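Comments concern the structure below.
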Amino acid sequence: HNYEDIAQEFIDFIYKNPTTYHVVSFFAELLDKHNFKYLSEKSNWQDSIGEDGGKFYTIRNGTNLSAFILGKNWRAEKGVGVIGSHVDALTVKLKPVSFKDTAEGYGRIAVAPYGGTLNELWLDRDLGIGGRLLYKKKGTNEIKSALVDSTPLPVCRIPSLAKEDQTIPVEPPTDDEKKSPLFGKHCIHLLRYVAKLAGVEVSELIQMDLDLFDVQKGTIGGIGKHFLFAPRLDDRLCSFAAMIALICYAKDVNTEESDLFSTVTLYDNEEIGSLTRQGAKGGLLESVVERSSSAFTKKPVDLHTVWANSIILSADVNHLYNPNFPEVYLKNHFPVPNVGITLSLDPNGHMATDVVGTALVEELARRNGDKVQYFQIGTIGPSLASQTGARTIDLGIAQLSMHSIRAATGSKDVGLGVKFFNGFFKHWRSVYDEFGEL
Amino acid sequence: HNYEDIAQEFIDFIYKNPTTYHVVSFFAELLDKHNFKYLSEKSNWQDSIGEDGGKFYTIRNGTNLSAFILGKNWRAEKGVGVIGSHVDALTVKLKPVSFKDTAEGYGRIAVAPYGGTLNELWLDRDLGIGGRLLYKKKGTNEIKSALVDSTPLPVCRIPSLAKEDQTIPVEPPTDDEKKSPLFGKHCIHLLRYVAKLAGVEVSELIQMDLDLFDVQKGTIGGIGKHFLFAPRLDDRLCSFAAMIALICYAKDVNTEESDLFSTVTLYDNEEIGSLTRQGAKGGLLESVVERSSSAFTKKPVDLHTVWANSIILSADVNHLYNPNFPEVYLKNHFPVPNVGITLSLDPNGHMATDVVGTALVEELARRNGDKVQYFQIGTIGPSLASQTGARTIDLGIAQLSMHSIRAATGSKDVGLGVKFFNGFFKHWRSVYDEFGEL
Amino acid sequence: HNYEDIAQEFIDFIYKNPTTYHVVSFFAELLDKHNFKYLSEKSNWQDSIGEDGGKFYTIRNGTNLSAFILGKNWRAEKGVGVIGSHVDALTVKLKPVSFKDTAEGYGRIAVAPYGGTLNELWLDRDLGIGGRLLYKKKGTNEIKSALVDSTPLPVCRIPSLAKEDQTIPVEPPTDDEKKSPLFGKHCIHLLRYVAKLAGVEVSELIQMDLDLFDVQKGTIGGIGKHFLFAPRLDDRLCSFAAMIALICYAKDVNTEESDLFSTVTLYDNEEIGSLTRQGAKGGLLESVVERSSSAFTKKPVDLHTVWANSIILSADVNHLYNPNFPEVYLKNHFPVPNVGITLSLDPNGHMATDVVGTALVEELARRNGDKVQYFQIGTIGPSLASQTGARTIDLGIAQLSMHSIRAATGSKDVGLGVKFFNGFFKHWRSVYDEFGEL
């Protein structure tokens, strides 16, 4: 009510955090200012998690984040309430050696598509450069990370004609600059430019993982302002909604009076099939849960009983009804904007032969005043379901023109998404109890 | 000998138990009247399994069942004797919203194929409706399950012309009926009909997972009665044979005088690639074994040693020689009916480079008086083998016209299958001992 | 009213009488227990038909039957009320030499499709064997006929792969057995099997004309039981309805108080184009009428005047609206189930330019309380019309999936068909009188 924007907050979030690194870093800052404590995955957690439980988060690779709330009174039979989503998006990436010699004076860079064989939709769009630099300051032996972002400067673009065709229109090297490990691999100007943004010298740059992304800020749109146009909606839209839902929920939770175990886990490499250590199949969720339950109590914890009592919402976007292409959609099985969360059903696929998860989500929405929509036609749901043995439901916030460089969704859909996910954390355990043995 | 029918018992079993729900439920009743004890997967088993071991079974989702016999004197070095098979079959499923408005007075329903893009073989067949309903009785807060089956009434059929073409030819709503969660999603008549079968009100129906299946009862066939014609043979044929084998074997087992760990595990979603929590990759088998060995003894159990000493028969059907298509078959590598179990060999595939499993099965058959046949050309064998590290052999009972709505096999093949599997449980440990380190 | 089953009687009739031989034999038994007298076509009828007229039937080839009621007071100007239909159906036939040598131990038989190049619809269906055997008992010189039927035993099936491809999966010869004329032509087991069914020796078998047919019994179907699923509906459905109509009508007829000449004639070989001596072009109808009118009175009978005053209903099935394929059907010219008889209209074809027959059928239905449906898009109507000169109307009971091995129609359609045809015999003469010269 007037606070369904929130859509502006989302638009600012996509605009200010273009790469996966930025998104994870942004959530890290948001979590710890809500008193979630960072745990290194490289250290054992026995002495970091106690009888009281608490609020925590861990990070793998700077692109895979898990945030969790563990109750003082949690036990195996309570299970875990999980929302799983992905934070990688389709982009163009600077190649390891991005160096191209001039084409009639034009400066260019070797780049590769990430997550697809990219569209004509990427042509004639203003593209910023940004992501992660690795560097070693002089007279040190620590390799540190810096985040870099050219916004609002579009440093390049893939021109249409009015890795041969899709290429990009973008003084002498100092002795020190030649000492850099990246000297031959990237043109000196680009290196000088990223070095400037990070606040380090060119000679100190070890490596980089840079994207090219649309710098056009998102907008509320439509004559009645029913829509939201923005880049990278898949699946930063569900990720944002789930994380904000968890943090709003965490507000009213003293972990000492809780018997729940709740988590939002955000994965990398969904666009690539998820079979990486930062992806859904790398098992960060399962790692978090086993570690937490191990560190938390002296008693042994039966993980099979934990997962048998758990519910995983595998949150990934569905397709809005495109009124221009009615034939691809199935009648009575397509979502519309500004209504509510969409349940992905597929006759083949992991949720066929599981009517219970569908029923549970319907009951939740009923209790919380939400609406649910249907959509029948390396996704993380099947991976997580089979990896844990826990009942998993595929759903999400529907959008138009998915895997476009600029997608569309309802202007109320971020808020409705946060609302549904907030309701899930509050009620899933109670609602799942009445299915009993099922 | 006269008791190789058993084929009638099988025919009655397929006829009376059309969906996966019915099949699992049927086995649950058979097991517990043979004194197997049900364990909830949602409860820890420490205090349900003791020093004596025992006979048990557990169920996941109503479609994934594991039955096991744990010996009082079992130890890691004995391993597990496993038969793994699947109970899902190709069917048509009622869509989540099955509602179609009338086509010139004809009533119809939206349905989807499960496990394939379905055949012309499904045209002009009498189709019953059946499966699982979820319901909540009035003034309650328990969601219960009921099984429903229209047999012998064919409620519908997919007509040939003498999800556009393959669709199906099948008073006013009470206020109470409109109160049902499924009111808009399925036509009132269908809801009234399934409600009647379950013995509940329409208003009490929460959700349903219904199939459409062939109601034509199986028959012994051929002029010399050499064949068995029936629906859903893949892989309810191996599942039946393996379960009956285990139960016949269990008869002569006092668990107090046993040092063996035996199981038949039945999976869902093999036709869909097995990557679901109810499928082979959901790890019910491994869950059962870890839980049992944990609960059973105070000593710690090395699971790697258990699997290194185990044998898994991954039981799935092979192809009978179709004399009409000799060229697709490979000479000296095709099974015939009424001879015995068929070993699936594949030069690429998980049993290439493992001659030991083949040798073991041959030795077993030799000892038990069985015959073995060969067949070289998300299967569960590779999944289970890699998931456990245990030596796994793909084999099964061969059939004709697999993935037809009505398949064929030997009339003696159910009995021979039970015979072979019964021999396996009796002798595998002894036979595998002489391979020693291999 | 409660007696619109009648659908069960029809289902039992198709089930118990699989071949044309069985169907004709069945009608022969029904007719003569309703006091119709058999006339041999090989004997002159002068002294078998008298001044009183009577109820009669004759048979050609065991597959072509004519039943008629001749009134004592009949005259040329009264004409004949004719229903013409066919009793042959699409089947597979055993070839004259059905012998195939074993294919890896499998027994097989050479067969040919009758009436089409047969469907994938014939694959994986349980097939019985049955039809006519000719035999000569030992020390005799009479060649007799026996009917044979394996129902409910499916002796074979045409397998799908999971006259090359469509072929069929099915001790030493006695000296006497080698003496049979069919010894080399059919495998000894099949011959022994059919000999057993007939109650004769193998050595006594002269010849056989055997079909392979679906042994699946028909069912009432649909959630509201609106449908009838059964094999061989075309055109045993109209044949049954017409014959039962005649017999119900014959009940209230003393031939001594009648001035009508009524007949139902059932033809063979409609699926083959009708140009056989047992088909519509073999002229059994015309033969019956000329013979009867010759034998019946001493006065000469003008046959041209008889036919000029006659009405022939050429009863053959039309197509039900298949809601899955709306585009093949013509709006306002397609029948629905459980409504009534369907009039076949075709802008090209023999009923174009004859509006009078259509009008007469409409008037009949009006008088008898029937409903009439339309269907615009070697048929017997054109043959009979041109052969007699008599006004002929094409109509019938509509069905789905015609020329499938299992077709569908209304559950009320047999009864409505009998009702319409019964009304026709009662009123055609009276209704046709008001068209006068037309």
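The numbers used for chain B are those of Swiss-Prot, and the residues that appear cover 47-208, 221-228, 240-446, 454-514, in sequence.
Going by what the header records, the deposited coordinates were determined by electron microscopy, 24.0 Å.
Keep in mind that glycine also has a Cβ here, set from the backbone N, Cα and C atoms.
The feature N-linked glycosylation site is assigned by Swiss-Prot to B:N107 (among others), with sequence analysis given as support. A sphere of 10 angstroms centred on the C-beta of B:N107 (N-linked glycosylation site) encloses 25 other C-beta atoms.
What Swiss-Prot records for B:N110 (among others) is N-linked glycosylation site, and it gives sequence analysis as the kind of evidence. DSSP assigns B:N110 (N-linked glycosylation site) to a strand.
Over all protein chains present, the Cβ of B:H132 (Zn(2+) 1 binding site) has 29 other Cβ atoms lying within 10 Å. Residues or ranges marked as Zn(2+) 1 binding site in Swiss-Prot: B:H132, B:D303, B:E339, B:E340, B:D385.
Long-range Cβ contacts of B:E340 (Zn(2+) 1 binding site) within its own chain (separation 6+, distance under 8 Å): B:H132, B:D134, B:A135, B:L136, B:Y160, B:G161, B:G162. In the three-state DSSP assignment, the secondary structure recorded for B:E340 (Zn(2+) 1 binding site) is coil. Residues or ranges marked as Zn(2+) 2 binding site in Swiss-Prot: B:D303, B:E339, B:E340, B:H479.
Its own atom aside, the Cβ of B:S356 (phosphoserine) has 21 Cβ atoms within 10 angstroms in the protein chains shown. Among the features that Swiss-Prot reports, phosphoserine is placed at B:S356, with the record citing a large-scale study or a structure entry.
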Cα-Cα, whole number of Å: B:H479 (Zn(2+) 2 binding site) versus B:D385 (Zn(2+) 1 binding site)?
13
Cα-Cα, whole number of Å: B:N107 (N-linked glycosylation site) versus B:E339 (Zn(2+) 1 binding site)?
15
Near chain A, which of the recorded positions B:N107, B:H132, B:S356, B:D385 can you find when the cut-off is a Cβ distance under 8 Å?
B:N107, B:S356
B:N110, B:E340, B:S356, B:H479: the recorded positions whose Cβ falls under 8 Å from a chain C Cβ:
B:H479
List the other residues in this chain whose Cβ sits within 8 Å of the Cβ centroid of the Zn(2+) 1 site residues B:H132, B:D303, B:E339, B:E340, B:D385, in sequence order.
B:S131, B:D134, B:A135, B:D304, B:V386, B:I456
Neighbour tally for B:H479 (Zn(2+) 2 binding site), based on other Cβ positions within 10 Å of its Cβ:
19
Which residues, sitting 6 or more apart from B:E339 (Zn(2+) 1 binding site) on the same chain, put a CB under 8 Å from its CB?
B:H132, B:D134, B:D304, B:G348, B:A349, B:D385, B:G454, B:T455, B:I456
Tell me the Cβ contacts of B:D303 (Zn(2+) 1 binding site) under 8 Å, same chain only and six or more apart in sequence, or just say none.
B:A135, B:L136, B:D385, B:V386, B:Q475, B:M478, B:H479, B:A483
Taking the recorded Zn(2+) 2 site as B:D303, B:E339, B:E340, B:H479, identify the other residues of that chain whose CB atom sits within 8 Å of the mean position of the site's CB atoms, giving them in sequence order.
B:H132, B:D134, B:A135, B:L136, B:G161, B:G162, B:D304, B:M478
How big is the Cα-to-Cα gap, in Å, between B:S356 (phosphoserine) and B:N110 (N-linked glycosylation site)?
12
